[PDB]
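Structure record follows, encoded as structure tokens.
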Amino acid sequence: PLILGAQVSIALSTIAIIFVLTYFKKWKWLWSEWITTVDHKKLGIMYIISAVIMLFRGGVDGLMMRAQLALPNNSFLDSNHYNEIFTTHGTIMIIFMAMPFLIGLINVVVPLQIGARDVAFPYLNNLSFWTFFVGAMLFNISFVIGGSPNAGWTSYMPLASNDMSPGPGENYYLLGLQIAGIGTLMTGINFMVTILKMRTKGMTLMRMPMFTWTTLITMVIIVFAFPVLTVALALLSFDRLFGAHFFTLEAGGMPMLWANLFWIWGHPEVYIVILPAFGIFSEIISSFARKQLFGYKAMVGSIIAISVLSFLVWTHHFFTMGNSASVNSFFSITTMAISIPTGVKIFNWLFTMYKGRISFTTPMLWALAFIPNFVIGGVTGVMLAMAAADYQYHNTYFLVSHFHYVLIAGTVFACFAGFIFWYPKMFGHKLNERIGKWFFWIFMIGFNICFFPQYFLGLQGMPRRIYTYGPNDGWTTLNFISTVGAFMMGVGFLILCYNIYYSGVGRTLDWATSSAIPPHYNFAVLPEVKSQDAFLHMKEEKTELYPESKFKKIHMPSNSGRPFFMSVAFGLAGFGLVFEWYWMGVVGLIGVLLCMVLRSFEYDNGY
Amino acid sequence: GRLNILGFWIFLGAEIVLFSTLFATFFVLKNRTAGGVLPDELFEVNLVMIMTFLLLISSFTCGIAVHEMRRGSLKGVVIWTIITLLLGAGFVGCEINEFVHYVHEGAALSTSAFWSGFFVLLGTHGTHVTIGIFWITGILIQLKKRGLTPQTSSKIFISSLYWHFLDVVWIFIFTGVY
Amino acid sequence: XXXXXXXXXXXXXXXXXXXXXXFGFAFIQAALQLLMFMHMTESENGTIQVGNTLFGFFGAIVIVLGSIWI
Amino acid sequence: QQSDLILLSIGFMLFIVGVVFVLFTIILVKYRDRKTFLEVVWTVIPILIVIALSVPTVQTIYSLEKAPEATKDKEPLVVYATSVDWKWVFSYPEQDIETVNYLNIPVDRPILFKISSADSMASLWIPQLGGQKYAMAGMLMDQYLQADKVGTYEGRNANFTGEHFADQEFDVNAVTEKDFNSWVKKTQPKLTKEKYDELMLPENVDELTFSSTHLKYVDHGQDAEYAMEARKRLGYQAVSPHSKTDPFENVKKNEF
Ligand code: HEA
Ligand code: HEA
Ligand SMILES: [Cu+2]
């Protein structure tokens, strides 16, 4: 309680700082060219700068957690205000960090590589940001205004309603993700239509090239694995608020049914956080290598396998609860059938880097380090797929050690790779290469001495979600080593922000823009392409530019202030149902009232 | 040419998983009510609800084909789209008095775990058909200062085909829950 | 004119559905929607349009027959 | 420790995969600085890596079902295992006995652990016995175990965290046959009826012997609604800030 009193003042200070320094006059720059803007380039920016903000929020969280877990009998954090702490850390990632960080790198890089103007509905994509953001402030305001949930990012049902007890805990998780799920659902719908009907002439479907293909796969899984989340929480939101008994222990409802609904959405979304990560790494390793992605009838054909085989594998997170054995081997054999379509994509990055040249720049290093660390986590998930041995290392850190290798090397590195390799798109010049190398090395070495002792921590006998281990066979140092490496990755986020204080060998339509920071209309003429890689065939082979006297008109999808007002209603009704208001919501119905009024304005505005 | 016909179409594919999630929820919560009321609902109301909706699409499969596509019955839009709008209230009015009559033993979602799924598998079900009325009437404000021609006023078609998607699970609810 | 033939054929499936109660009955439900939606998909934007809805019912079988599978 | 041979044998299987990719990068790359038929022929090995596990792993999933690490279809001992919050409950239907946060089993004997819970989902891990099974509040899950050598087997929970869940460590032991029957005889407190309800509060407890079985109470494996008749009959529902301490109304057996 003592710690949470300083940040509410710091939270009010930051709010008080925006008024004096920034709000001298903002209804001409903040409300016009931003907030409710339509240009796809500006939206993708607002996605990742929230993920960096959540990185520090997730950062002080991840650090003080392991700082508490330095050694046994440590009195930094108590039983609770750790459960809430470690729950906020995990939900801030994936949902409010890796999702906005990935879609942001998608909401920017994909529409330029296809030659189109904006996206399909540059109007519905506007609210698609705020729909996530009001869910971010909802889940962030659980800080001191209410109480952050303390059931994990999973938050199973039997420990979530009355057995749990905190009122304003799970509701932020239910209503916070319920909104962002609506926003994230529309981001998959916009980009599923943008990459199918707005491509430029000559841009053939089979070659466009491969990252824009992974994004296509990313925005397909979102469409079919988010309506589940929309009802899985809505069912849970009915259990919590309106008094439903879908999974309640009392009226006899199935406590495990909410587990299977969450995971029917769970593991498919797990690939939504790794699909764009694969794509962002597919260009960079074939761009500064100056070679051809050798393999398409077996690499893009491999990107479709994991897209469907993600829903025949989701039952691998259970196993321990004693299923029908046969059904515990079905998804066990099937899970091994998911590490093979994922496996061939690693053999496709090394033979596109061989025979070809290379220059170790900063974005190369992130692609250099992505190859091993993701496999070291992948050579452990194969073990997790074995249901017969999953019962021994279920939970117990060895699971935590598996996936932290999979996602941080997978997505967090791709979030860092897409950060630097496509930074000249965002503003002038780029990051300093030599001192940017200092951030790469320190963040990489602390990553392993943090989670590889967890492979020994978990196998020796340290379960997960535990605030004190105890002197068990001298297994204290493996825990402290994990914390040293944990606090070591923190050292670096200061460097990451210092590199920001300073304020190429392309092979696709990246540097093909008229100059740095491409304009609003993006590309005056649509490229003919008619080949696999556009930039190299449009540099050495001929020239081909944007000749004058061949221009035409504008797009004119101007701004409308409704998406901001639309999501505030979602954030207002969401906050109103969470913070007290147990049975029914006095203001929760108004948010429903305001949203439907704007949905009439949706089809009452001619443009 | 408007791609919203395709964009708000892949949104209709997402709701298949929405209702399938509720169908998986409901089909697992079928054998409960270990302590509560056993389900016994009126049979004639089911066919009356289903036949009202099966006749709702019968006035809508031809409500745009022999309307805008075949010939040009521009005056019939206040005829075919209004009659099909009153049939939407028939399902709403019948399902509301069905829930109010269920206040008599088995009210809302608190009586049993089974009635929680049914009041939600048919709950957001009833919500989807209620907002469609306001969406079908939302386009009916176009024959005033607008009055667009076919192949241009896509609001009718994109809202007509959304309205069609209901009867899909509506029939799957007929077989699913009954 | 041509759409009335399917609409007239659709009403009999519900009447035969009541005759089943008052696989063999899990198919008449899917077949009732085939004729209903086959009058508004292809083409132009088709192939993609009628293709989007195909893999959604797979999840319905995977989600339903998969949840019941436990 | 039956599946431990998979862990050690599989450990080297991926230890090779980690070094295979060391030969695929370090051997070149340095030599290569400025200063279609292979992919199709590659599809023969990846199933060979997984089908060599998609048979012995499936030959093990069906192996933990029937009577495993014990003997044959004899000596059937039943032990009803219940999981309240933080605290572990185990009751023997053979003779009127029931222990809490402690468990004794004779070595080289089959034990049909009936796994269940009271208020929150759980699972008896016990890192020396091997596999764990979730304690599902609402039904009983069967699970058989045994004892390798005589020793001290640590035991914990799946730790579905809930304030008092990290200290769910309950110690279990495995001794001989002759000492088990003398130990069982010495015991016969009893099933004090009300002290059972004095257990569903999540706190901290000591040994609590109890020489009478509690399964005469709604089975507990069935009708998991015993969370309302538990915490609420003594007047207690916790919160997150202030006014906890089990909202007044005393009577219990705590620490110190
Ligand atoms: C995107 C995925 C992702 C990312 C990036 C991270 C980031 C980190 N995580 Fe975690 N983690 C999860 C995924 C992730 N995590 C998940 C899914 C859970 C479980 C969720 C749940 O079930 O509740 C979890 C919880 C979890 C656990 C397991 C908890 C347990 O079992 O008891 C551990 C183990 O130590 C951990 C450690 C770290 C560390 C050291 C980082 C580092 O990357 C830290 C990153 C920090 C920065 C980049 C900024 C550093 C901050 C500073 C420099 C500020 C310092 C200033 C002051 C202290 C004043 N986090
Ligand atoms: C980016 C997200 C992501 C990705 C891509 C993966 C990828 C994989 N994961 Fe995992 N996983 C998670 C996110 C992810 N996972 C999360 C978040 C959890 C914990 C959730 C929670 O409980 O909170 C988890 C936990 C988890 C479980 C559940 C454990 C439990 O029951 O508690 C399982 C079970 O099968 C698993 C296995 C796998 C496998 C086999 C792959 C495969 O796709 C990996 C493919 C890679 C390889 C197979 C190695 C590379 C291949 C080669 C080098 C070719 C040669 C190799 C062979 C021939 C084997 N991981
Ligand atoms: Cu998974």
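All residue names refer to the structure tokens as shown: chains lettered A, B, ... in order, residues numbered from 1 in each chain, ligands numbered from 1 in order.
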Give as a ChimeraX atom specification every residue of chain D that touches chain B within 12 Å, counting only C-alpha atoms. /D:138,222-225
Quick one: residues within 8 Å of range 138-151 of chain B, only C-alpha atoms counted, chain neighbours fewer than 2 positions away excluded, as a ChimeraX atom specification? /A:600,603-604 /B:1,68-69,78,134-136,153-156
Selected residues written out, N, CA, C and O atoms, as a CSV table (one decimal), in the first residue's frame:
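In the end it all went to again_30.csv:
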chain,number,residue,atom,x,y,z
A,600,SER,N,-25.1,4.6,-35.5
A,600,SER,CA,-26.0,5.3,-36.4
A,600,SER,C,-25.2,6.3,-37.2
A,600,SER,O,-25.4,6.4,-38.4
A,603,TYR,N,-23.4,5.0,-40.3
A,603,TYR,CA,-24.1,5.0,-41.6
A,603,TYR,C,-25.0,6.2,-41.7
A,603,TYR,O,-26.1,6.1,-42.2
A,604,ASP,N,-24.6,7.3,-41.1
A,604,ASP,CA,-25.3,8.6,-41.3
A,604,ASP,C,-24.4,9.7,-41.8
A,604,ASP,O,-24.7,10.8,-41.8
B,1,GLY,N,-17.7,0.3,-57.3
B,1,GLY,CA,-17.0,-0.8,-56.6
B,1,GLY,C,-16.7,-0.5,-55.2
B,1,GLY,O,-15.9,0.4,-54.9
B,68,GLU,N,-33.7,-4.9,-56.9
B,68,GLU,CA,-32.7,-4.0,-57.6
B,68,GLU,C,-32.1,-4.7,-58.8
B,68,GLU,O,-31.8,-4.1,-59.8
B,69,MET,N,-31.8,-6.0,-58.6
B,69,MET,CA,-31.1,-6.8,-59.7
B,69,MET,C,-31.9,-7.0,-60.9
B,69,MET,O,-31.5,-6.7,-62.0
B,78,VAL,N,-39.7,0.7,-50.2
B,78,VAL,CA,-40.5,1.1,-49.0
B,78,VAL,C,-41.6,0.0,-48.9
B,78,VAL,O,-42.5,0.1,-48.0
B,134,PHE,N,-32.4,-1.9,-36.2
B,134,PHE,CA,-31.9,-0.5,-36.2
B,134,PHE,C,-30.9,-0.3,-37.4
B,134,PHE,O,-30.7,0.9,-37.7
B,135,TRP,N,-30.3,-1.3,-37.9
B,135,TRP,CA,-29.4,-1.2,-39.1
B,135,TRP,C,-30.2,-1.2,-40.4
B,135,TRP,O,-29.8,-0.5,-41.3
B,136,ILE,N,-31.2,-2.0,-40.4
B,136,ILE,CA,-32.1,-2.0,-41.6
B,136,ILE,C,-32.9,-0.8,-41.7
B,136,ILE,O,-33.2,-0.2,-42.8
B,153,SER,N,-25.5,2.4,-53.4
B,153,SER,CA,-25.9,2.4,-52.0
B,153,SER,C,-25.7,1.0,-51.5
B,153,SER,O,-26.6,0.2,-51.3
B,154,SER,N,-24.4,0.7,-51.1
B,154,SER,CA,-24.1,-0.6,-50.6
B,154,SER,C,-24.6,-0.9,-49.2
B,154,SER,O,-24.5,-2.0,-48.8
B,155,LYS,N,-25.1,0.2,-48.5
B,155,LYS,CA,-25.5,0.0,-47.1
B,155,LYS,C,-26.7,-1.1,-47.1
B,155,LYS,O,-26.7,-1.8,-46.1
B,156,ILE,N,-27.5,-1.1,-48.1
B,156,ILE,CA,-28.6,-2.1,-48.1
B,156,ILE,C,-28.1,-3.5,-48.1
B,156,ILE,O,-28.5,-4.4,-47.4
Pull the closest atom pair for each residue of chain A that gets at most 8 Å from ligand 2, along with the distance in Å to one decimal, counting only C-alpha atoms and all ligand atoms, ordering rows by chain and then ascending residue number, as a Markdown table.
| residue | atom | partner | partner_atom_place_in_ligand_line | distance |
| --- | --- | --- | --- | --- |
| A:153 | CA | ligand 2 | 23 (O) | 6.9 |
| A:154 | CA | ligand 2 | 23 (O) | 6.3 |
| A:267 | CA | ligand 2 | 13 (C) | 6.9 |
| A:269 | CA | ligand 2 | 2 (C) | 7.9 |
| A:270 | CA | ligand 2 | 2 (C) | 4.2 |
| A:271 | CA | ligand 2 | 2 (C) | 5.4 |
| A:272 | CA | ligand 2 | 1 (C) | 7.5 |
| A:273 | CA | ligand 2 | 1 (C) | 5.3 |
| A:274 | CA | ligand 2 | 1 (C) | 4.4 |
| A:275 | CA | ligand 2 | 1 (C) | 7.9 |
| A:313 | CA | ligand 2 | 35 (O) | 7.7 |
| A:316 | CA | ligand 2 | 34 (C) | 4.8 |
| A:317 | CA | ligand 2 | 31 (O) | 3.6 |
| A:318 | CA | ligand 2 | 31 (O) | 5.3 |
| A:319 | CA | ligand 2 | 31 (O) | 6.3 |
| A:320 | CA | ligand 2 | 31 (O) | 7.2 |
| A:332 | CA | ligand 2 | 35 (O) | 7.0 |
| A:335 | CA | ligand 2 | 40 (C) | 5.5 |
| A:336 | CA | ligand 2 | 40 (C) | 5.8 |
| A:338 | CA | ligand 2 | 43 (O) | 5.4 |
| A:339 | CA | ligand 2 | 48 (C) | 3.5 |
| A:340 | CA | ligand 2 | 48 (C) | 6.1 |
| A:341 | CA | ligand 2 | 45 (C) | 7.9 |
| A:342 | CA | ligand 2 | 45 (C) | 5.1 |
| A:343 | CA | ligand 2 | 51 (C) | 3.7 |
| A:344 | CA | ligand 2 | 54 (C) | 6.5 |
| A:346 | CA | ligand 2 | 53 (C) | 6.8 |
| A:347 | CA | ligand 2 | 54 (C) | 7.9 |
| A:374 | CA | ligand 2 | 50 (C) | 7.5 |
| A:375 | CA | ligand 2 | 50 (C) | 4.8 |
| A:376 | CA | ligand 2 | 49 (C) | 7.4 |
| A:377 | CA | ligand 2 | 49 (C) | 7.3 |
| A:378 | CA | ligand 2 | 49 (C) | 3.8 |
| A:379 | CA | ligand 2 | 49 (C) | 4.9 |
| A:380 | CA | ligand 2 | 37 (C) | 7.4 |
| A:381 | CA | ligand 2 | 37 (C) | 3.6 |
| A:382 | CA | ligand 2 | 40 (C) | 4.1 |
| A:383 | CA | ligand 2 | 40 (C) | 7.1 |
| A:384 | CA | ligand 2 | 34 (C) | 4.3 |
| A:385 | CA | ligand 2 | 35 (O) | 3.3 |
| A:386 | CA | ligand 2 | 35 (O) | 6.8 |
| A:387 | CA | ligand 2 | 35 (O) | 7.6 |
| A:390 | CA | ligand 2 | 31 (O) | 6.4 |
| A:393 | CA | ligand 2 | 32 (O) | 7.9 |
| A:394 | CA | ligand 2 | 32 (O) | 4.9 |
| A:395 | CA | ligand 2 | 32 (O) | 5.5 |
| A:399 | CA | ligand 2 | 25 (C) | 6.1 |
| A:400 | CA | ligand 2 | 19 (C) | 6.8 |
| A:402 | CA | ligand 2 | 60 (N) | 7.0 |
| A:403 | CA | ligand 2 | 12 (C) | 5.1 |
| A:404 | CA | ligand 2 | 17 (C) | 7.9 |
| A:406 | CA | ligand 2 | 1 (C) | 5.9 |
| A:407 | CA | ligand 2 | 1 (C) | 4.6 |
| A:410 | CA | ligand 2 | 1 (C) | 6.4 |
| A:411 | CA | ligand 2 | 1 (C) | 6.8 |
Give me, as a PyMOL selection string, all polymer residues having an atom no more than 12 Å from range 170-175 of chain D, counting only C-alpha atoms and skipping those fewer than 6 positions away in the same chain. chain D and resi 83+86-90+99-109+111+123-129+145-157+181-183+204-207
Please identify every residue of chain D that has at least one atom no more than 6 Å from any atom of chain A, counting only C-alpha atoms, and report them as JSON, numbers by chain. {"D": [3, 14, 54, 57, 58, 60, 61, 120, 130, 131, 132, 133, 134, 163, 166, 225, 238, 239, 240]}
Please check the contacts: residues of chain A at most 10 Å away from chain C, using only C-alpha atoms, listed as a PyMOL selection string. chain A and resi 196-197+220+223-225+228+257+260-261+264+308+311-312+315+322-328
Residues near residue 198 in chain D, cut-off 9 Å, only C-alpha atoms, skip fewer than 4 positions along chain, as number ranges by chain: D: 194, 230-231, 234, 251-253
Could you save those same residues with C-alpha atoms as a compact mmCIF listing (two decimals), in the first residue's frame?
# COMPACT_ATOMS: atom_id res chain seq x y z
CA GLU D 194 -17.48 -29.30 12.89
CA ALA D 230 -17.97 -23.61 4.09
CA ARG D 231 -16.65 -20.05 4.18
CA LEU D 234 -18.82 -19.24 9.66
CA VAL D 251 -13.19 -20.15 16.53
CA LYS D 252 -10.41 -21.97 14.64
CA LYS D 253 -6.99 -23.64 15.05
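Going from CA of residue 589 in chain A to CA of residue 567 in chain A covers 14.3 Å.
In this comparison, which uses only C-alpha atoms, the residue of B:159, B:152, B:46, B:21 approaching chain A most closely is B:21.
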DSSP alpha helix (DSSP H) selection over chain C, as an MDAnalysis selection string: chainID C and resid 3:21 27:37 49:52 54:67
